[PDB]
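Asker: got an experimental structure here, sequence first:
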There are 2 protein chains.
Amino acid sequence: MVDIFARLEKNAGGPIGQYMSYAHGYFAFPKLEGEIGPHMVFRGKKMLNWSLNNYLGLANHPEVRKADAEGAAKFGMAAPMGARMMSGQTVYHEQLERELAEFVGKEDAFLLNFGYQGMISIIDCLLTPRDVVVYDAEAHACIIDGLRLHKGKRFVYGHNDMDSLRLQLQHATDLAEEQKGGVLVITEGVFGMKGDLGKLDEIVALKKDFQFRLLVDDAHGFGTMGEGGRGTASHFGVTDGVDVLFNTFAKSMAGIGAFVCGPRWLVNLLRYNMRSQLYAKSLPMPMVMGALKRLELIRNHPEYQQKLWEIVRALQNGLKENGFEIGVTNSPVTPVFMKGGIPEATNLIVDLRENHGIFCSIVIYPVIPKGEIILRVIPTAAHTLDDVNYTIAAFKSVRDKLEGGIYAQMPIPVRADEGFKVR
Amino acid sequence: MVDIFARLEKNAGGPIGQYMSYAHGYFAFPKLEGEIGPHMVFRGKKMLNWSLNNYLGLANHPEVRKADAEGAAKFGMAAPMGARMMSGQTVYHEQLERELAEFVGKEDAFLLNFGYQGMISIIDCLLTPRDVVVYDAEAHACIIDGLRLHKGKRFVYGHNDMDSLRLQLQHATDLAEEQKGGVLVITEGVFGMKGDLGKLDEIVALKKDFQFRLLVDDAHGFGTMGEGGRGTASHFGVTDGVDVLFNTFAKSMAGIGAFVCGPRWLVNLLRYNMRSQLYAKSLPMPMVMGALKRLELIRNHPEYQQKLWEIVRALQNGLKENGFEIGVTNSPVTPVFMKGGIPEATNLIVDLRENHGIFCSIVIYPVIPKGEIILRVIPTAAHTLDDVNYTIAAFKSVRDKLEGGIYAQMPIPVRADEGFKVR
Ligand SMILES: *Cc1c(COP(=O)(O)O)cnc(C)c1O
Ligand SMILES: *Cc1c(COP(=O)(O)O)cnc(C)c1O
């Protein structure tokens, strides 16, 4: 008998504890200070960040800041007490659902209290052990966690690969008639890691051959792809091909909560069956009011999406002009691929921050093979072109030191929060 | 092959759709309007509700409403953009963690974005397929969903029964030595349905005969039980016996989010491993700010808890005086058990609302067996004794008509929202 605490204590605490030791406050859990935007303060110094997922610049929008301040003053954050079924239902929650459904072009929408929870329970509600899933290998964690709720069969197809898909689809369809069940395909509109867009058009094209249901997570696509920001589905003209459309307020909408879209009969079922919404609190009113304003601005200002993509093409082409390796990305997500070890990537970053005033996260060995280094650059419509130029310039300096072994000469910096204790 | 949409379109949509047709807006998704409190408006009429779980009356506390309004004005509702590990970490999140851990008397706390997914992931990283879980049969849905992620063995013990417990620990410990793993017990501090309390003091006494770890969901106990509202653990004086203490802001705290408490080494492990925290947005600042005020008020005002329990004892004893059945509740939860069918329960409630101005939910046949009718009465420190007397009076009238047979003479009322469409 290995006691649970004992195993987690040292046997599990030791390997990842080293990362915590030197990263807490700097490489993990940084503390950005100030109003939300490209220009914030880190550790006493003003900096230019590319780490926020706020694509449309709505976070510090004066109109958004008013609506947020006004809704909280009127309703407080106590807001609709209790779950939506029990006591937390308001006409404002229903107005936002009507406007969201109208925007993305489906019958109905259900305002969710949180994205991660919502996904877990849509996957829970759609699936029965008879049915069979086919999901993209790069699926977000909430999709994976929702899939672990399923006692049925699951088939994983290689990332955005229509050959493994069509292939695994045949295994699903074979198992589906044997088990007397249906088949469900889950992919994303915009994959946040590599930045590539889900090939939705080629996936609905496969609906001619295999007879399936399609679930799409457009968390990174809403406000950013398609007509006026309507998302990746609109971008491919497949809004009718996607049966269930999931979306979150975290990324473009600069906020909290989520919504799922589809036909009225199904959204109503989800209303009465989604455990994560039956048995947890309703989305607060201040968010509801603020989301109403945010959705108003996205509708009224299609310029925000344009300006974002102007920064996207400028940054992406500018980086590719100077031999920087941007991944296979058709979205604003701009990851910069490089080579090096932990002491190189760590020292690289403190050079970018303490010397060039550039703030970005890095993806390193715990996630990506040792030797790989990804700078995660996320352009927002709040960025300027001076921002783009300064960053590419500072990136160019930083690369010369990396390729010239200068960072390999230095040890891992010690920049963790003073006072942080691992035990 | 049964298409997933067809399995739910008419086959799964038919039975519960009738409930939706007549309940939506009245019995299913009521729209309480006004400031949060015992006296709000429903369908044009002012009413006295017992439906919100704001035990300490903090929701509309002026100091709380200022803190909420002030934090939103300063930070907006987007203020911690991105997940906590990436960009959403703030010193205010860490202040609230330090104050919460100090209150409930554990080493460390991790502020979560939402209780439901928080639980799903604390169960996630606590367990491996070798370990074995013993959980109370009445566990909340998020606990159930949480251990559906567990690919190992699970043993369910009968509600608050220390004999069916011991038998399953014996089965667990036996399987734990064969599988070379540990044991974990999950129960609740206050069970929200029947109102009865978890026998925590006894549960930790079983730690003499078996070596397990204990996880407790105090969602209904915080602010409500124990010294100054410290919760059910403090109420039994077994805070040291609870290894992992989960809690939510949705009930007494009158808000959004949650927190888990325990030793620093574990809370740090959870900080770096909880999927629902790594891969979802951080708790907004206005809530952080507000939660700091709410925790200040709880510490500074221990009569909020006493005023609550004065209303509890008055209401419960008054109902027991008049032969109403309150059940086995130890907590503020006051469920009133009665007998009847759906047309009786529904017309009972219409009478309570449209004639007596009393707002409460009912639990009906899909969940509890046909025959029982429980009114869910939730007392709150904002309730008056006049509130208690009027309700018991109205309850006494309503009961004479129920046992008399008047309600059985009427059909199921039609009171759903005009405009709601089932499909
Ligand atoms: C309220 C509730 C939760 C969830 O809290 P939320 O923050 O609303 O998700 C978890 N467990 C229990 C017992 C609850 O009553
Ligand atoms: C951020 C994210 C979510 C979750 O959004 P939250 O509201 O923060 O929980 C879900 N799916 C994807 C792809 C995401 O990037």
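Answerer: Structure's in. What do you need? Numbering: from 1, shown residues only, chains lettered A, B, ... in the order given. Ligands and ions are numbered 1, 2, ... in the order given.
Asker: contacts, neighbours, all on C-alpha from now
Answerer: Noted.
Asker: what residue in the stretch 151-300 of chain A comes nearest to chain B?
Answerer: Residue of the stretch 151-300 of chain A nearest chain B, by C-alpha to the nearest C-alpha: residue A:265 (4.2 Å).
Asker: give me the phi and psi for residue A:376.
Answerer: Dihedral angles of residue A:376 (phi, psi; degrees, to the nearest 10) stand at phi -100, psi 100.
Asker: contacts for the host helix or strand of the residue of the stretch 151-300 of chain A closest to chain B?
Answerer: Under the criterion of DSSP states H and E, residue A:265 resides in helix A:264-273. Contact with helix A:264-273 is made by A:85, A:107-110, A:122, A:125, A:260-261, A:277-278, B:8-9, B:13, B:421-423, as judged by C-alpha atoms under 8 Å, 6 or more residues apart in numbering or on different chains.
Asker: how about the helices in the stretch 1-150 of chain A?
Answerer: A:4-6, A:13-23, A:62-75, A:91-104, A:115-126, A:141-147 (DSSP state H, counting those that start in this stretch).
Asker: could those be laid out in JSON lines, adding mean neighbour count and distance to ligand 2?
Answerer: JSON lines is the format used below for the helices of the stretch 1-150 of chain A (neighbours: other C-alpha atoms under 10 Å in any protein chain shown; distance: least, C-alpha to the nearest ligand atom, whole Å):
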{"stretch": "helix A:4-6", "mean neighbour count": "17", "distance to ligand 2": "28"}
{"stretch": "helix A:13-23", "mean neighbour count": "16", "distance to ligand 2": "22"}
{"stretch": "helix A:62-75", "mean neighbour count": "21", "distance to ligand 2": "17"}
{"stretch": "helix A:91-104", "mean neighbour count": "18", "distance to ligand 2": "16"}
{"stretch": "helix A:115-126", "mean neighbour count": "25", "distance to ligand 2": "4"}
{"stretch": "helix A:141-147", "mean neighbour count": "21", "distance to ligand 2": "6"}
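Asker: turn those into JSON lines, including distance to ligand 1.
Answerer: Shown next, in JSON lines, are these (distance: least, C-alpha to the nearest ligand atom, whole Å):
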{"stretch": "helix A:4-6", "distance to ligand 1": "22"}
{"stretch": "helix A:13-23", "distance to ligand 1": "27"}
{"stretch": "helix A:62-75", "distance to ligand 1": "18"}
{"stretch": "helix A:91-104", "distance to ligand 1": "17"}
{"stretch": "helix A:115-126", "distance to ligand 1": "9"}
{"stretch": "helix A:141-147", "distance to ligand 1": "16"}
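Asker: want to throw those into TSV with distance to residue B:322?
Answerer: Below are the helices of the stretch 1-150 of chain A laid out as TSV (distance: least, C-alpha to C-alpha, whole Å):
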stretch	distance to residue B:322
helix A:4-6	50
helix A:13-23	58
helix A:62-75	38
helix A:91-104	38
helix A:115-126	43
helix A:141-147	48
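Asker: and those: which comes nearest residue B:213?
Answerer: Comparing the helices of the stretch 1-150 of chain A against residue B:213 with C-alpha to C-alpha, the closest turns out to be helix A:4-6 (7.1 Å).
Asker: rewinding a little: how far does the helix holding residue A:265 sit from the chain's center?
Answerer: Using C-alpha atoms, centre = their mean, to the nearest Å, the mean C-alpha position of helix A:264-273 is found 25 Å from that of the whole chain.
Asker: against residue A:26, how distant is residue A:401?
Answerer: Residue A:401 sits at a distance of 21 Å from residue A:26 (criterion: C-alpha to C-alpha, to the nearest Å).
Asker: quick one, which of these two is more surrounded?
Answerer: residue A:26 (21 against 15; other C-alpha atoms under 10 Å in any protein chain shown).
Asker: wait, that one touches residue A:415, no?
Answerer: Yes: the pair residue A:26 / residue A:415 is scored as a contact, 6.2 Å apart, by C-alpha atoms under 8 Å.
Asker: end to end on stretch A:315-332, go ahead and measure it.
Answerer: End-to-end span of stretch A:315-332 (C-alpha to C-alpha): 10 Å.
Asker: so it, near chain B or not?
Answerer: No: using C-alpha under 8 Å from any C-alpha of the partner chain, stretch A:315-332 stays clear of chain B, with a minimum separation of 16.0 Å.
Asker: equivalent analysis for stretch A:93-110, please.
Answerer: No: applying C-alpha under 8 Å from any C-alpha, one finds stretch A:93-110 separated from chain B by no less than 9.8 Å.
Asker: just the residues contacting that stretch, thanks.
Answerer: A:111, A:230-231, A:234, A:239-240, A:259-264, A:267, A:270-271, A:285, A:288, A:291-292, A:295.
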